[PDB]
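Written below as structure tokens is the structure these notes are about.
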Amino acid sequence: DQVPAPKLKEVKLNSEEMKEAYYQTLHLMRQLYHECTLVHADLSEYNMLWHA
Amino acid sequence: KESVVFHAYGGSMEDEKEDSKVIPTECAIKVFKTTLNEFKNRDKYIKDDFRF
Amino acid sequence: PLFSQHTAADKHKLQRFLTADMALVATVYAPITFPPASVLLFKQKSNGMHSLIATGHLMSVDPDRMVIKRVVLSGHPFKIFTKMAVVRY
RNA sequence: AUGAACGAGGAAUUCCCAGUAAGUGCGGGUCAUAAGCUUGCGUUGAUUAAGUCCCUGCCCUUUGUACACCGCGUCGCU
RNA sequence: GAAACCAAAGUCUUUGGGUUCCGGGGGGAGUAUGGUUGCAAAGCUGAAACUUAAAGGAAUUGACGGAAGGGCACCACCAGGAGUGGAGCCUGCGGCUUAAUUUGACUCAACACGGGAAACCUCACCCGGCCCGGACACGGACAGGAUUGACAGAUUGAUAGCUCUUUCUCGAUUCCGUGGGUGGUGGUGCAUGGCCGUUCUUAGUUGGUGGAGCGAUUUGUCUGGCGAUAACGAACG
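Chains as they are written, first to last, in this note's numbering: chain A, 1 to 52; chain B, 53 to 104; chain C, 105 to 193.
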């Protein structure tokens, strides 16, 4: 509905949700390093969005 | 600072091509800033790339 | 008739008066005649005196030659910004 | 009386090399009534460096330099 | 000599030793046609129609390098200091409402700036009311009045004659139109001046004389890591 996804820093997640987000970020970093063969080099709280 | 992100509503292409990419209903258009002299420090991640 | 400019374009601006030097096109419903043809223009001055006004030749006969009447509306700009104006009347 | 947030502050960023920052008040301007602003003045008063082009800009110098070519089309009548 | 350059490309307007070939702005075009040679491909000779105001030659600088070096500066950095950004709040900005929440200003070169800490004034903005402070000249009206000011009541926020009633004042000091002057914190700072800010608190700017070149131009305004040194002097900063 023309509303962009909020950033990870601005998202108020619970402890389990924060752990799941950290695990997803680690898995994404591993997939980028291994499968995509690229380093983001600008990964931070403002470069990650939480959606669904 | 370097690019502007705009949310927009995409159109439905009436061309019935088998290889036509599906246009999403909501799209983000990123337009990089070309009139700002603050991009002098970005050469470190471009000159090191063998593809360009 | 209706007087128009004798140019090469499609549209012809209507002339609301007869000019003393410009060569115009008089356009009217008339019996069809094949060009060339000498054309004379007269008017009753007074007591049945036919006065000559204008003369020429007959151009091609067609109803597709449209005549355009124009009206220009004037306005006095009383406020001026850079490339922006506020106009009244 | 009321007593809140505020537990030294992410990304990011400003000014500053000695009676200097910073702390501290005072006076002038404003001003009928008036300073959190501003312009000045004294008081207390240090750590770091005697450098560099790493960032941002700016500045010069020398070397040459007065849109070249090869890779937009088919049909239709008067 | 146009110069690059050339002891010939010299002895050329101070033009004449002998002789051969050959060029006449650029394209069309070394094309078509014809002749001739050739096994052939081709060669030799070789137009025109039409088309354009340039095509070209030497030398001189450099706008610009997507060319490389230095050098400068706590409005850049290192070593740090004290901070802002995080709290409450004061004041300027926008967005939003409001009748108005006037306005100028938007990177450093706008944002506690407009000396702008505005209860009235300021004040331009909103609502309401009052006055002419229409100078001047012309025409008309006007002394048997052109007018001005005003008690009381109605109205009014207003001891606002602002309008009416009530009729009391005033002696051309005028009034109505015509031209036409003033008055504006009204609009253009992208029409101006002045002043200010900025580039830039940079490190440059311009002249004169001498020498090279026909000239554009060059040397000066300087190669080097003492020494070369056609250059020398000024002025502003």
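Just so it is clear, CB atoms sit at the ideal spot from N, CA and C, and this is done for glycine as well.
Can you say whether residue i is buried or exposed, counting buried as having 16 or more other CB atoms within 10 angstroms of its CB?
i	result
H116 (chain C)	buried
residue 97 (chain C)	Residue 97 (chain C) is absent from the structure shown; chain C starts at 105 and stops at 193.
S164 (chain C)	exposed
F107 (chain C)	buried
Less than 7 Å between C-beta atoms, sequence neighbours within five positions excluded: which residues of the same chain meet that for residue i?
i	result
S142 (chain C)	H161
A158 (chain C)	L122 and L145
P105 (chain C)	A130, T131 and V132
For residue i, which of the options has the nearest alpha-carbon?
i	options	result
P76 (chain B)	B:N93, B:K99 and B:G62	B:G62
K9 (chain A)	A:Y22, A:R30, A:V3 and A:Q2	A:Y22
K53 (chain B)	B:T86, B:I98 and B:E78	B:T86
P181 (chain C)	C:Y193, C:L118, C:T137 and C:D168	C:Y193
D166 (chain C)	C:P135, C:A124 and C:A127	C:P135
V39 (chain A)	A:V11, A:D1 and A:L26	A:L26
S44 (chain A)	A:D1, A:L28, A:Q2 and A:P4	A:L28
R120 (chain C)	C:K149, C:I172 and C:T186	C:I172
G179 (chain C)	C:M170, C:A124 and C:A189	C:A189
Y46 (chain A)	A:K7, A:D1, A:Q2 and A:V3	A:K7
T37 (chain A)	B:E90, B:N89 and B:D101	B:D101
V175 (chain C)	C:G152, C:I184 and C:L118	C:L118
So residue i is in the alpha helix (DSSP H); what residue range does that whole segment cover?
i	result
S15 (chain A)	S15 to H34
Over what stretch of residues does the beta strand (DSSP E) that includes residue i continue unbroken?
i	result
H180 (chain C)	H180 to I184
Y61 (chain B)	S55 to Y61
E68 (chain B)	Note, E68 (chain B): premise wrong, no beta strand (DSSP E); not H, not E.
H154 (chain C)	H154 to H161
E78 (chain B)	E78 to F84
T131 (chain C)	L128 to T131
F146 (chain C)	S142 to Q148
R192 (chain C)	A189 to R192
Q109 (chain C)	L106 to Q109
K117 (chain C)	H116 to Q119
Between residue i and the rest of its own chain, which residues show a CB-CB distance below 8 Å, the 5 nearest in sequence each way excluded?
i	result
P139 (chain C)	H161, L162, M163, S164 and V165
residue 119 (chain B)	Nothing can be reported for residue 119 (chain B), as the shown portion of chain B is limited to 53 through 104.
Can you list, in chain order, the residues of its chain whose CB lies under 6 Å from that of residue i, leaving out five sequence neighbours each side?
i	result
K82 (chain B)	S55 and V57
Quiz item: Pairing CB atoms from the segment 55–62 of chain B with CB atoms from the segment 11–31 of chain A, are three or more of them under 8 Å?
Solution: no
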